[PDB]
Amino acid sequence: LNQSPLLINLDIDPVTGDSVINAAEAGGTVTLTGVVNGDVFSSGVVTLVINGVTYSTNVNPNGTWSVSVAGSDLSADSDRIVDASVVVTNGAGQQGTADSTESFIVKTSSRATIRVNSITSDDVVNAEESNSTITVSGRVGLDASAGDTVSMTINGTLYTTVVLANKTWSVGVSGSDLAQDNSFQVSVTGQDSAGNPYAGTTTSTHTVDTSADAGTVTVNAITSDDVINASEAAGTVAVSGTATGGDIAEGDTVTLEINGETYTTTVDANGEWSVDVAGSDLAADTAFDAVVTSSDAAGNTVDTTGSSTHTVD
């Protein structure tokens, strides 16, 4: 009572107040604090062990204490537990000891992912798309969050948007930038609940195809001698030719304008075409073009022209 051991209790306050050690805290010094309660005493020594490293301090007259420790020791501490002990002394030279522990959480980074969808439906920017607004869209994952910033620089132009509630994102980009920059980085940046910044990135690539390729179109003789007689002019004449090369394909439309009249047919599997024409039209119009309309897989279109002349008797 004057000769008895002192009975005390040792408490450690939550580490950095929120019980969480983040990257910035880990990279500096941290103040741990607590109280010694119980019997009255006139001084004391608190010993803390963290990551095998001992820290020590005094206890204040009001029973509190506080000590600077390496964030790196807290971050490295294998079980995320601070071990603590105290010895105190009173005026009569009685002493007392106690122990305590304090667990904490270490969260020094987070992971964020991002993906980017295809650039238009086929991941190809065609001629028409290159003169339009094209949607660039994607989603973010892992620790990335609604409200995060999504950015990309495309042909030197910075485009920005924000992650939506469902973690998708999209932003309108000019076709002409996409026509000129077929590979770029997209990033998502933000901050986790412990305050650590994070960044995720991905590379979007696409191809640019803004033209289809003309082939070769020919027109055969207009009848066997390339001359329209009175008799042939009275009837129907089969006008024929070829259409091959470039993007010309079976099924392509062949268009002929003769004497103000429009005639059409399609290219066949041999690369030939034939169409029935009124003789009266060929009689009035001694020269005309055959025009084949083609397209490539990107959806660009192109006209291939063959020109014809004949005589009339």
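A residue's number is simply how far along the shown sequence it sits, counting from 1.
Engineer: Take the C-alpha B-factors listed in the entry for 117-125 and for 228-236, compute each mean, and give the stretch with the larger one.
Structural biologist: Mean C-alpha B-factor is greater for 228-236.
Engineer: Where do the C-alpha atoms have the higher mean temperature factor in this entry, in 129-137 or in 181-189?
Structural biologist: It is 181-189 that shows the higher mean C-alpha B-factor.
Engineer: Hey, out of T161, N166, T101, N155, whose CA B-factor is highest in the deposited coordinates?
Structural biologist: Spelled out: the listed residue with the top C-alpha B-factor is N155.
Engineer: For the chain shown, is the CA B-factor of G27 in the lowest, middle or highest third of its modelled residues?
Structural biologist: CA B-factor rank for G27: highest third.
Engineer: Ordered by C-alpha B-factor within the chain, which third holds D11? Give me lowest, middle or highest, please.
Structural biologist: Top third by C-alpha B-factor.
Engineer: Based on the deposited C-alpha B factors for this chain, I'd like to know if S110 is in the lowest, middle or highest third.
Structural biologist: Lowest third, going by the recorded CA B-factors of the chain.
Engineer: Sorting the chain's CA B-factors, does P197 end up in the lowest, middle or highest third?
Structural biologist: Tercile = middle for this residue's CA B-factor.
Engineer: Using the B-factor values recorded in the entry, state whether the Cα atom of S78 falls in the lowest, middle or highest third among the modelled residues of its chain.
Structural biologist: Answer is highest: the recorded C-alpha B-factor places it there.
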